[PDB]
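J.: Sharing the initial chains of the complex here, in place:
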Amino acid sequence: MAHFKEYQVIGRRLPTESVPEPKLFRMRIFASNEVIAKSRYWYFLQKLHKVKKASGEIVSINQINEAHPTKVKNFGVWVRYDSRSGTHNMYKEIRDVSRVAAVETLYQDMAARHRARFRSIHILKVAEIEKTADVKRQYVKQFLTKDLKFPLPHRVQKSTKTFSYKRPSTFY
Amino acid sequence: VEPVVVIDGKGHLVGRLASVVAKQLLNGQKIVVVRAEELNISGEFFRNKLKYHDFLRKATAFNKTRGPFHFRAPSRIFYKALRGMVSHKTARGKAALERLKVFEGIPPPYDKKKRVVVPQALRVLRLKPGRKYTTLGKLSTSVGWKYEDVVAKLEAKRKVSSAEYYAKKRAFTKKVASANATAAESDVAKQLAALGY
Amino acid sequence: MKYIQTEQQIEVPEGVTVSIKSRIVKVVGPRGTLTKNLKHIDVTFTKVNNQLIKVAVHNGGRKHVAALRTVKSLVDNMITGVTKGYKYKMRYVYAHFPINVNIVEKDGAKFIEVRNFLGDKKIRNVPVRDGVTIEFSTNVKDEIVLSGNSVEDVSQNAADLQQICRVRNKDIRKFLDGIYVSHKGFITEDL
Amino acid sequence: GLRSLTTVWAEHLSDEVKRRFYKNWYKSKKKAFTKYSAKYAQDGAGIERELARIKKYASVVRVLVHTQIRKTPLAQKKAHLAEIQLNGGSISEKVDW
């Protein structure tokens, strides 16, 4: 959809004569902007409990960011993607620096490999990964071994002009 | 920048090469190309062939003569696809055909000056490690070109003559480099290395 | 999934030596030589310690990774064929018409003669490749041996004999008459 | 294709070949190869100039020759000329023959 950011939505339907101020909920949304996250709230909310954007409301809508935006981390994910047949449950484990960061790449991944749309992906829960060995994904295991050192063969360049008066080599 | 731009067809990509060439000639550039037989295609021997086969079966029903023209010359092969991306019908595209010139190998006047290349048009650069392709020299031969070893005999005499002159040139630059090093580290050498040269 | 690092290890039998530049090989030794072009796959090789050289791939697909294993396999068969060689056997099968084999040579072409292949009134021949030399097998009834450096020229010349005897318009299961390959080993004994 | 380089000749000819060139022969001056026989006055430095020029480059040999229609029962008198390829050994030794 766009570049991602993560927000924090808070609501309580609407207070009443009998019992005002209901339970009071919260959620962790991923939206490039504020209003985007307001729909995602009501999204799963009018799917689990009884409410709407007419019988209830939202108090706060602030953004939540990753504390250490310098360190690359591992991340596990809970997805409920709806195909041209139906809904299934898949488990991913991609290593990215920030949380909202791995979400943008896995969303791009859903279309380049899974062919599913923005309005076709379901995020259940994403518990960050702390321990190696508990690794069950193999594309992950290649970057988790000691002494990750490898040569970079074949080096192409970007031409600024229109010509070349030679025969440039491709070393790296 | 120069009166004419010389083009080396060896190691480039068929259609992408003509595209950039096209633009330059329509801007005001007279151009001559060489060794068009060495233009590299992609895919299998089998594929690229049959495409020319079905192109070979499409001709004016009632007049095979005043209709489609097929070619065995790797040079007018480049002429074909490149003219088909301009209007050879107006005086506009008519003058572009007259500026352009293509050759089967590197003829007499055109190998007494050097030819150039391009990265965004290079076969080697737009080819992923471990890919297939076909060359025009070999397929030009399978389509009906009776001039392979006739011209492979010409390139022999040629590559010998060009290397004999670079023998004298490689040794004459060994003279230029040993004269510039003995006159180096002087007063004008120090002052110039400071100005940026 | 572009396999990051996949690499195999290879042993050299002391006395043999191989020269290499680009993707071009050379196996010099006890019997002969074997030049080879590999500039159609695109891979790397590195000499580590005299009698040991490797092969590697960095970020290569499963078909390119199945090719790293496929060439370490090739490197192996070129070294043993130079020191031991490649010796195969083929027996002629018949039960009625005598299988006659000769050694012909017109102008110096070296072929093999097919006489009486099932009452054959036409003369069939078998072209001989370069490098490998044949020898008629005795002590045994209806056989012969091939001997050289590479498995290609020896067993493709053996596959020559194979399909040259085609039972056209007949029952293969019943009219089982022709030349088949019996033995597949080295020229040296014990191996 | 097959490109023709040098065209060589003889000194004296026949009127059959000289009239092969005229349309109006009953009114001609007969200036047929008059200056070509001037290449036969000089020792012949130019004759071998083109002859050995061919022994160096030219791949094949094809020679021109005219007919003997005077001994023939035909009143045309005009003898035709055509090229006949030489199938011998070495192109240099072919020019010699």
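T.: Perfect, thanks for sending it. Residues are numbered from 1 along each chain as shown, chains lettered A, B, ... in the order given.
J.: distance of the residue of chain D found nearest chain C from residue D:96?
T.: At 19.8 Å from chain C, residue D:89 is the closest residue in chain D, using Cβ to the nearest Cβ. Quick note: C-beta positions are derived from backbone N, CA and C, even for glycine. Distance of residue D:89 to residue D:96, computed by Cβ to Cβ, to the nearest Å: 11 Å.
J.: The residue lying closest to residue A:142 once chain neighbours are set aside: how many residues sit nearby?
T.: Among residues not flanking residue A:142 along the chain, residue C:4 sits closest, at 4.5 Å (Cβ to Cβ, 6 or more residues apart in numbering or on different chains). Residue C:4 has 16 neighbours, counted by other Cβ atoms under 10 Å in any protein chain shown.
J.: before we move on, what about residue D:19?
T.: Residue D:19: 17 neighbours (other Cβ under 10 Å).
J.: what does residue A:104 give?
T.: Using other Cβ under 10 Å, residue A:104 has 18 neighbouring residues.
J.: which helices and strands does the strand or helix carrying it pack with?
T.: Assigned by DSSP states H and E, residue A:104 falls within helix A:99-112. Using 3 or more Cβ pairs under 8 Å, 6 or more residues apart in numbering or on different chains; DSSP states H and E, the elements in contact with helix A:99-112 are strand A:6-11, strand A:74-79.
J.: The residue of chain D closest to chain C: neighbour count?
T.: 9.
J.: Would you quantify the distance from it to residue C:102?
T.: 36 Å.
J.: So is stretch A:155-165 next to chain B?
T.: Yes. Stretch A:155-165 lies within reach of chain B by Cβ under 8 Å from any Cβ of the partner chain, at A:156-159, A:162-165.
J.: onto the same structure, chain E please:
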Amino acid sequence: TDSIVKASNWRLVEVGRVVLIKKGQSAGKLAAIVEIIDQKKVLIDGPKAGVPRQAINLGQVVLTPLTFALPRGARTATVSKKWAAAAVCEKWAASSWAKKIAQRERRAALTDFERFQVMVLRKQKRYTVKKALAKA
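T.: With chain E now in place:
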């Protein structure tokens, strides 16, 4: 007689190898590998230049055959701690790589008066080299 299989020298991707940024907020600064993410993206960090510890693509930065000792996780402190503990600054401007840069860098900062000086000092430079390729 032995084997001999070329050289096959390459720059290996690792924690401690430095690269040159061509585009971005820097577009001509230096930064070394702090951690590796995958195939095209890595983590840089170069304090002796003024650039941050940022996630970046390999298509926007180049390489160098310069590698010095570095811990797997070392933040800003240990980054230039081993930078100076290796002597990579003098080892960097010790090549024609960076001499090439300052050469055309000073050409884009040349006045026609100082560009005029290059022309004239070369009038006398080429004169002595012509009396050199005439007697030797």
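J.: try the neighbour count of residue D:19 again now we have chain E.
T.: There are 17 residues near residue D:19, going by other Cβ under 10 Å.
J.: Isn't it up against residue D:78?
T.: Yes. Assessed by Cβ atoms under 8 Å, residue D:19 is found in contact with residue D:78 at 5.8 Å.
J.: Wait, residue A:172 touches residue E:63, no?
T.: Yes. Contact status for residue A:172 versus residue E:63: in contact at 6.3 Å, counting by Cβ under 8 Å.
J.: And for the residue in chain B that chain C sits nearest to, the neighbour number?
T.: Closest residue of chain B to chain C, Cβ to the nearest Cβ: residue B:130 (4.8 Å). Using other Cβ under 10 Å, residue B:130 is surrounded by 15 other residues.
J.: three-state assignment of it?
T.: coil (DSSP: H, G, I helix; E, B strand; the rest coil).
J.: can you tell me if the helix or strand where residue B:155 lies touches chain E.
T.: Residue B:155 belongs to helix B:154-180 when assigned by DSSP H and E. Yes. Looking at helix B:154-180 against chain E by Cβ under 8 Å from any Cβ, the contacts come from B:175-176, B:178-180.
J.: for the very next helix or strand once past that helix, packing partners?
T.: Next along the chain after helix B:154-180, taking DSSP H and E as the criterion, comes helix B:187-195. Helix B:187-195 sits against helix E:115-130, with contacts defined as 3+ Cβ pairs under 8 Å, 6+ apart.
J.: Just list what the helix it packs on packs against, helices and strands only.
T.: helix B:187-195.
J.: who's in contact with the helix it packs on?
T.: B:183, E:106, E:110, E:114, E:117-118, E:121-122, E:124-125 (Cβ atoms under 8 Å, 6 or more residues apart in numbering or on different chains).
J.: same structure, new chain, call it RNA strand F:
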RNA sequence: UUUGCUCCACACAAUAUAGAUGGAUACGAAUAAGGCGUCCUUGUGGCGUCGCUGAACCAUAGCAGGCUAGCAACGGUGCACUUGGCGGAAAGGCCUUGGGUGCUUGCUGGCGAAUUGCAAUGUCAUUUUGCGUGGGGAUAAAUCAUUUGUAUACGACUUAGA
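T.: Now RNA strand F, sitting on the chains shown earlier:
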């Protein structure tokens, strides 16, 4: 058929332009590799180096580029020749020798300009031709009228004839 005609040194009018205005600046193969300098037993040999764009390199200061003195070297470039070698793919150009010769901005001088009055390309290119100059060289053919059958609706095809 009035002195006609072809190449050159040229005398002027022209006629247009698919587009002048410092140099189109010449190994080969290879790119999961390579060029270059270098040594030896000249091997698919060892050692060092470069690339990340030709933003390279060479040339370039003067009335659109002048008159001319002196130093230093014996050199460079352009002009017209001379010696020899090479070049067949669409050679007709490239390589080199000897003299004559101008510049010599490689270093230091004497003088010239204006008003063209704050901008107006303010021309220093070349395709081709017509007509007068004088120095070499050459004395052309085809058509029809006529006849022929190897040709034909017709021209054409094809023979011949001072």
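J.: With RNA strand F now part of the structure, what is the answer for the neighbour count of residue D:19?
T.: Around residue D:19 there are 17 residues (other Cβ under 10 Å).
J.: Could you do residue B:25 as well?
T.: 20.
J.: What are the buried residues along stretch B:116-131?
T.: For stretch B:116-131, burial by neighbour count (16 or more other Cβ atoms under 10 Å in any protein chain shown) applies to B:117-123, B:125, B:127.
J.: Which ones, among the residues you listed, also lie beside chain A?
T.: Answer for the buried residues of stretch B:116-131 near chain A (Cβ under 8 Å from any Cβ): B:117-120, B:125.
J.: CSV for the residues you listed, including distance to RNA strand F?
T.: Below are those laid out as CSV (distance: Cβ to the nearest atom of the strand, whole Å):
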residue, distance to RNA strand F
B:117, 8
B:118, 9
B:119, 4
B:120, 8
B:125, 8
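J.: Can you lay out those residues as CSV showing secondary structure and distance to residue B:79?
T.: What follows is these, written out as CSV (DSSP: H, G, I helix; E, B strand; the rest coil; distance: Cβ to Cβ, whole Å):
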residue, secondary structure, distance to residue B:79
B:117, strand, 20
B:118, coil, 19
B:119, coil, 24
B:120, coil, 22
B:125, coil, 25
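J.: mind giving me JSON lines with the residues you listed and columns for distance to residue B:20?
T.: Formatted as JSON lines, those follow (distance: Cβ to Cβ, whole Å):
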{"residue": "B:117", "distance to residue B:20": "11"}
{"residue": "B:118", "distance to residue B:20": "7"}
{"residue": "B:119", "distance to residue B:20": "11"}
{"residue": "B:120", "distance to residue B:20": "7"}
{"residue": "B:125", "distance to residue B:20": "14"}
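J.: What is the nearest of these to residue E:51?
T.: Using Cβ to Cβ, residue B:119 comes nearest to residue E:51 of those, at 28.2 Å.
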